[PDB]
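Below sits a lone chain in structure tokens, taken as the form deposited without ligand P4P.
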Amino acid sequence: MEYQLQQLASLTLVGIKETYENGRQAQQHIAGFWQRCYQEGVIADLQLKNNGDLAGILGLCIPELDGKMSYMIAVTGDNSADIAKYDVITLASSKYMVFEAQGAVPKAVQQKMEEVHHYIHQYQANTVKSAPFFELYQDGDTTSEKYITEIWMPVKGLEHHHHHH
């Protein structure tokens, strides 16, 4: 499995968060959530507000304290007046392993995500379960087999992993 190490400063994300019973249930509904955001013009609107910190639209998986899972469609944007109708979170600073899913969306993302989870299973002291992980969707044609979705998994202390000595 190939991946790149990246680090982000704290970021403000603007968008819409929905909450599902758990991670399985979420998968039943996330495609539909995306579909509703496109249909209702939310994607178009958020694209306008993207302040450039991350290039693309994010799909964040946010663990909830009662065991539910939320999914937030969002862009990096400054806290502001147009923002009032939107959900806003601070994405806390973190380092990441960044993977690529190449193929038409969502299938290629679902498949890569399965691989990734299996892969990061051997980094249990270094992944961060309470921290959000996300899909990053750059400009392009997501029905193409050439499309690249990025998958960003937070990590701490990865340099101490014995694989790296």
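A residue's number is simply how far along the shown sequence it sits, counting from 1.
In what follows, reference is made to the form solved in complex with ligand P4P, a form of this protein that is not presented.
Ligand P4P is not drawn, but in the deposited bound form it has no heavy atom within 4.5 Å of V14.
Heavy atoms of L46 never reach within 4.5 Å of ligand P4P in the deposited bound form, leaving it off the interface. Residue contact check for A101: none of its heavy atoms lie within 4.5 Å of ligand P4P in the deposited bound form. Ligand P4P is not drawn, but in the deposited bound form it has a heavy atom within 4.5 Å of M113. Residues are counted as partner-facing when one of their heavy atoms sits within 4.5 Å of ligand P4P in the deposited bound form; in 117-156 these are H117, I120, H121, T127, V128, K129, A131, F133, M153, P154, in sequence order.
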